[PDB]
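Listed next as structure tokens is one chain, alone, in the form deposited without the partner chain.
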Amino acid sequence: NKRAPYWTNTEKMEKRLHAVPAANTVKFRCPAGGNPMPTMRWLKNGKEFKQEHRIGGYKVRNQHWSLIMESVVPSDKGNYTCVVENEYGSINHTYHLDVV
């Protein structure tokens, strides 16, 4: 039953550009399936996004396939991409964050 990653709910993913006021919380999701369970990682502007990249750091909820950034600030604007992978494939989606 092995199978490459696939998005399980594209509805959540249709809204690509997000404009949010500073200090609000943004949450990005890339619901996925696959056998074996794929892993997920996030890039910000094409480069690995790490905890130390912003003051507030960030939360990853694997069960919900989401990236959460609390109290956004202007320097958080950018492109956020979820890369999901397993031995049979690697797929990605990109969101754009604009901080109003």
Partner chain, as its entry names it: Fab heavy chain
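C-alpha atoms forming the largest set that superposes within 1.5 Å between two forms make up the rigid core. Residue numbers count along the first chain shown, from 1. Only residues modelled in both forms are compared.
Not pictured, yet referred to below: the form deposited with the partner chain bound.
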query: Full three-residue contact with the partner chain in the deposited bound form, heavy atom 4.5 Å, for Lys12, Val20 and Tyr95; finding: yes
query: Contact of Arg29 with the partner chain in the deposited bound form (heavy atom, 4.5 Å); finding: yes
query: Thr25 within 4.5 Å of the partner chain in the deposited bound form, heavy atoms; finding: yes
query: Out of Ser90, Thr25, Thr10, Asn79, the residue that alone shifts its CA by 2 Å or more between the shown form and the other one when the rigid core is the reference; finding: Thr10
query: Once both forms are overlaid on the core, stretches between the shown form and the other one of 3 or more residues with C-alpha shifts of 2 Å or more; finding: 10-15
